[PDB]
């Protein structure tokens, strides 16, 4: 029980971290007496090392968790591991191991790094998603979803390197060819399992209105991703072809100006025409090189070839040419469209290139015929050049042609969504196996309940090309309904495990079912959910979707999983690479790469310690993929966890995208030494007297105002705003004022006790290790972790005056202190007494006066 002069983190931090582990401070149960607060950070993929992206996410959470703990609540802050994934396979092959032990090594290493950063997690509720204790229940749930009719199998496009005969990911393809071998990747239609997320398309879209504490950035992204759309599916007939063509459109009003139809590459009409036509056959085989990604679909030049078959326009009775094209999506809509080039900018460029007919049917705003020499007229208006449908407005023209095509019996109104169904089949090893069984009959059915879980074997060896569970034919064998059967070798998408980990944290050792609803509904829904903006759409839409499925199974009460979403900004860093000797992308770290910069700041050249011409790919999010992550363990060993934690929070507000930099860490270490020095000098003098409230000087009253005003600001900045940089900045101001304040008399040292006890509590969320020690030295009640959050004294914060700015034609000339209860006439009189104000008022008249109470006075002058 003795404080050193010098602040030594290495001696303090490890000793306090053991105390938290041994006393089980952050381990919690479902306490009915206390108020719950579920503070959830998104669980990491165990890549190997942590990086400053991870540190920002998990400090932000731990700040809120420790803050909410000090408000007197039972705070659950869990931590787990999204263990399944693609990187584990490639790394296992490269390092000559299996994917399982590689993943458990990386979990072990990262568990240490998190513990040394001192995040108050509930380690008794730890989860690894690659263990069968976890994935047994999602398998069991998948079979339940099949029996409800929410699962179905269909053919879907997949990236396929033809030589190796393996399914590649989107990341594994680069610049057309495959990243291993010099051979072009091709689209391959392959049967896969899907879950009907479109069944909950409206509910996912509509419930965004109820999420008031989610940011509008994420909500509007999810609305646009789902893309609910009311329109008409119009059917056609073809001359020398039996099968009809159905097309979707939101603009049936412009149907009479439909000069041609565009068709997707993988449409069954195009296959019939390609038998005789040699150039059309070459176009379809060229569309094999089209990648499975919407980025490369639209960015490329919109090419096309005439099919030959002429579709009959049902209303006009005219033959129109069907065309193949590489900008028309297969899975969105039917496959084909009703291309109106006169009133669509995408179709206009297609019609202008190939010289197709451009028919105008919609009048302009003024009632005049449109001018379609330069561009299309996307706007909606009155019809003309459309037979019986002339004169009608957009609302009438929508209904008229819809009622006509419903009456004719070759058309119907339909609610189409952009949202496609969630394809969950993957053909890799390191994943939870899909519980489906193909019998010797030929019939497919779910794996029965007694045979679950379908355990993935960890003890294996991988060649790299084919999966071990696929390669060995003995694994698939089983016996269902008293006959031979072959279970599904496809494994789940890793989003499957991340779509219910939040629920399983409430009851992670529960052997009887998927969720213990007593425990689940106590904690759920999640109060604050903290992740990257990267997961705005993909994960967060599955996350919610899965909650609604679990609700309909009677597992959980709430309609939504998370109350508040806090999407922190991506921690950015530069990313370099060089092409290998066999076309393999070797990403070099920024530390290794020597760089020559521009005068503005941009990068021009990029060498490395070896000597390769590196390819600079701009700033990008820290990740092991691009090899630009910065390990915090170097800075933690040098400066301490608290220093690194405080710097991450001080550099920018949570939601803002930060470019990572080393310059700034020294300011945090200097600040903590100043806090340590002020308490050392204070406590060394001795104990303190009781504080006399109404016996202070004007300096002492003003100082105590700034103490309680900081408590009000820091409470608002942490609680409501999550602007931790301004909260920390506010405390830095107070510490500078406390340093200058003399602590000679008993009233000053009594004030300094209240100040330091307040400042140490306000810093505890950010820098918990140093504050735990200083709390004992200031002689507070128990541990700082469970100690109460400071409440500001409204009597202490009362002002006797306020600053008023004086402007003359919107430009500041003087500044004055004025009493709070002061009229506009008193402020004008005081403002006139200033010499810089009266300088510009002479020779001219006061035309208009603008006065903001207690803030600003602007004099408009002629």
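Residue numbers count along the first chain shown, from 1.
Mean CA B-factor, 530 to 538 versus 389 to 397: the higher value falls on 389 to 397. Comparing 317 to 325 with 443 to 451, the stretch with the higher mean C-alpha B-factor in the PDB entry is 317 to 325. The PDB entry gives the largest Cα B-factor of the residues 755, 507, 465, 762 to 465. In this entry, the residue among 175, 89, 777, 209 with the greatest C-alpha B factor is 175. Per the deposited record, the Cα B-factor of residue 575 falls in the middle third when ranked against the other modelled residues of its chain. The PDB entry assigns residue 32 a C-alpha temperature factor belonging to the middle third of its chain's modelled residues.
Sort the modelled residues of the chain by CA B factor and residue 249 lands in the middle third.
When the modelled residues of the chain are ordered by C-alpha B-factor, residue 111 sits in the lowest third.
Per the deposited record, the Cα B-factor of residue 822 falls in the highest third when ranked against the other modelled residues of its chain.
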